[PDB]
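Both backbone and side-chain heavy atoms feed into the values below; hydrogens, waters and symmetry mates do not. The chains referred to below are lettered A, B, ... by the order of the sequence lines, with proteins before strands, and numbering in each begins at 1. Start at 1 and go down the list; that is how both ligands and their atoms are numbered.
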There are 2 protein chains.
Amino acid sequence: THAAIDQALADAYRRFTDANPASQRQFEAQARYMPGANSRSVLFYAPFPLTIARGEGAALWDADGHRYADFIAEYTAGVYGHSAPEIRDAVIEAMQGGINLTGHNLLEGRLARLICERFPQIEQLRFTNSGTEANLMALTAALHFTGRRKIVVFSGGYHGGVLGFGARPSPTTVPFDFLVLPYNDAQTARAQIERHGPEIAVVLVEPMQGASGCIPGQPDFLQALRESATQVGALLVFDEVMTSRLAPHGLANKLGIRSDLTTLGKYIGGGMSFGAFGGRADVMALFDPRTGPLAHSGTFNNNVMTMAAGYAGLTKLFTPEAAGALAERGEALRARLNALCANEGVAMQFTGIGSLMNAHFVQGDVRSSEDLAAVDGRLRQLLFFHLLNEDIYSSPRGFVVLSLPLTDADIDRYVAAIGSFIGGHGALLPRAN
Amino acid sequence: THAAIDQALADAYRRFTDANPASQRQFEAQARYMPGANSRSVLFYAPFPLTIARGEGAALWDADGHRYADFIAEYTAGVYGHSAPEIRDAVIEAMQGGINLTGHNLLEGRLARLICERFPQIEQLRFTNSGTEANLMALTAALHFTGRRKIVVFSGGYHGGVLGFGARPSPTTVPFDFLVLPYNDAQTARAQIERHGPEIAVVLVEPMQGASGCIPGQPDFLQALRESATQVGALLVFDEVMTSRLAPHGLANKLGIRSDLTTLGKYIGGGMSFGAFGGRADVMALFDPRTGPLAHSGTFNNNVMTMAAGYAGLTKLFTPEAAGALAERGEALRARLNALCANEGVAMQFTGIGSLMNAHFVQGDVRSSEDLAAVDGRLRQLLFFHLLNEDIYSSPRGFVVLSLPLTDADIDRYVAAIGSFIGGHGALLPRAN
Ligand SMILES: *Cc1c(COP(=O)(O)O)cnc(C)c1O
Ligand SMILES: *Cc1c(COP(=O)(O)O)cnc(C)c1O
């Protein structure tokens, strides 16, 4: 199928290029001032990325005027859609009270309380400006609290712009003392955490890996991390920047597993810049300016616009009930997609939990990024371009994200588009056994 | 004297407490959910910080209704004041077009171009969500570009929440291989950079240290850094997160010293969450997704609200011309204050450049944080509380920051308040000689 796939992809590039001349012009101009016209690597794809001009609800428009149903929703940050009035009105009201207030304010405590109550494993928290900052601070807290240096993470793990892992840390990863272990391998985790126990400050893990392909952590593996971390005296940190959305009180609570710290981000700030870290009060005490040894400084951490937007979103829109309902809608979609793939006999599946899923061109159980390392990326590209042709805006990597305004008809369009993808590319796709 | 200062401080605490019961109530309530009720360490001060309820122009109101002239302006981020309609209208218009757009957009390129034009040592840039992230990325870029690991920084250096230095890296500082050298010591800088030449990836420095107390970098020292970095093959990185506002095209341009990379933050995002790193196109090429080996990820980096607010602020309000004019007003103020202190014979002075200055209770030249090691912190507190009594909201650390809405009358009131401070605390303040 090698040559045929190359040809199909060349055809797709041509069709995309011809359909999007304003986006191509914009790309060429913008490449003068930013490398590859780009400020967030995931937003770039070949031959050039679409410029997005406008959004409303779960609709996006590109520079050439195409309207799409949005199935990516700012990589899970955009759970409210692009134009929620509750969010916009909260931000406008905050701005009318004054911004850059340079002190403790009347909004930060409301959002802090809400988060501690909704995610009770967070006894106290502090706000950051990103998920990346939240994870850096959580790691810093654990190193100091334990007096140890080694940090256990998992291959495929993504914790932010300077905290990413393959078998080894990514080229942009901060040089902490990382021990990188295989995801969903409880035996190796127990053995290695025991071997290095007295040196391990922290075990940092996503309860479902996001960036690596929506790969659920198996309960026996996640429990092994909790058991081993407690055994050796390390802190367990759950990175729930993505997974906090997956159940009314997040995925760790759904699983009944308690981490010492938890990090949050993306949608929790109402669509605005946001992160948070929190957990045990005795660990968070390190940052109490009255008595603790650690400073945690930043400029925009408690900004009134983020505080207002986050509080409005979590109280009026993405409530605990709404999180559960969106999860149910996502489970139904993933089941339909997997049934379709199986019925058609193709080696294609969708992995994930609830409102988050990812297309993969492999058969069998997907338990780690290793199971996906051989996937033909040209097929992911063909899928992406096919979806654009079917008026659906997805991610190049095949990550599908539900948001609140997405209609049942929109979801039907996605399933139909996968059907037409399989129907039209049947000669190119790997066959199931 | 020592006993009398303790007494005066106890009195100030009591008066502050009695006058601010709503702020005290708010602090106690919020301390349940955030350590010390706090999310940004600099905002905490004893006995408890004021809650800020409202801002308009260069005025702030606390929870108990006290109105202050604002002389801190979000630690330089708030150069536009608290309610600039140009900023608010830009943000509103951006929100109306849709947020969380999940792609390259129509606003990021405009702001990138504007910044590159304003600071021509920046050939290309990428946006981040904070100054801390910008510095992390600049360092990461330099390590990869050079294939070296050692990073030269300076005592008292502040580069963000996980990049702070006293004589040694602060407890929260990421464990890069830092070599910490004395600020404003040209001879030591040349010797140590040359001695460790082959190991040094980067020399990272503020052209005027901000957090350590508005300490100008001397021409001989900064030139020694440029020369030494070039000699050994290291990159020079200027952290202009604060200093970019100090002249029409930033401090480094005024001094005529070209760094290989420059980091920016605070006011450049129009008061919204923001940072940027940029410089030589060949270094920034590491991040071009078409060809470069480095990813730079981050959810909110190119968000339309920041892109809109930044562009509106820089084009309509804080233009290069406005930066020059505000710097002139600041120079005039600093000279007035220094003349007053000298005339009164007190060991008190204000250090800095242009629109940024800092009170210090020390006599003689301030060249590094080491010169401030024996200062009595209780005197800074007495000043802070005195200024509150005189309807002036300042920083506990004595950092004074001009913003655009401040009137000449507001500035006169600051000078008068320092006059009344010296007049009323004569017996308590150290003498010049
Ligand atoms: C997006 C994400 C992060 C990083 O958050 P940013 O705000 O983009 O820095 C960290 N962890 C996970 C699991 C994420 O999905
Ligand atoms: C404020 C500041 C930073 C950090 O920026 P944040 O947005 O608070 O992370 C870095 N460098 C200097 C010189 C600063 O003043």
Are a donor atom and an acceptor atom from the side chains of B/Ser212 and B/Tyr183 found within less than 3.5 Å of each other?
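No, B/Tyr183 and B/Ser212 have no side-chain donor paired with an acceptor closer than 3.5 Å.
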
Any luck finding a side-chain donor-acceptor pair between A/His82 and B/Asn100 under 3.5 Å?
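Side chains of A/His82 and B/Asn100: no pair found under 3.5 Å.
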
Given B/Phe154, which partner from the list B/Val205, B/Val180, B/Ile215 fulfils the side-chain contact (heavy atoms from CB on, under 4.5 Å) test?
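Of B/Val205, B/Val180, B/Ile215, side-chain contact (heavy atoms from CB on, under 4.5 Å) with B/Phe154 is met by B/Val205 alone.
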
Closer than 4.0 angstrom, basic N to acidic O: yes or no for B/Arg126 and B/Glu133?
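A salt bridge is absent here (no side-chain N lies under 4.0 Å from a carboxylate O).
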
Give the protein residues with at least one non-hydrogen atom closer than 4.0 Å to an atom of ligand 1, ordered by chain and number.
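Protein residues near ligand 1 are A/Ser130, A/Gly131, A/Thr132, A/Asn135, A/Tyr158, A/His159, A/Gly160, A/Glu206, A/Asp239, A/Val241, A/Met242, A/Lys266, B/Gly298, B/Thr299.
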
Report the residues that fulfil side chain to side chain donor-acceptor pair (under 3.5 Å) with B/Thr132, sequence neighbours left out, ordered by chain and then residue number.
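Side chain to side chain donor-acceptor pair (under 3.5 Å) list for B/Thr132, sorted by chain: empty.
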
Report the C-alpha separation of B/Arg40 and B/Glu74 in whole Å, then their side-chain angles, then the decisive distance to 0.1 Å, and conclude whether the salt bridge (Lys or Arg N to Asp or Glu O under 4.0 Å) test is met.
CA-CA 12 Å; B/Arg40 292 167 57 198; B/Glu74 205 63 273; 2.8 Å; yes

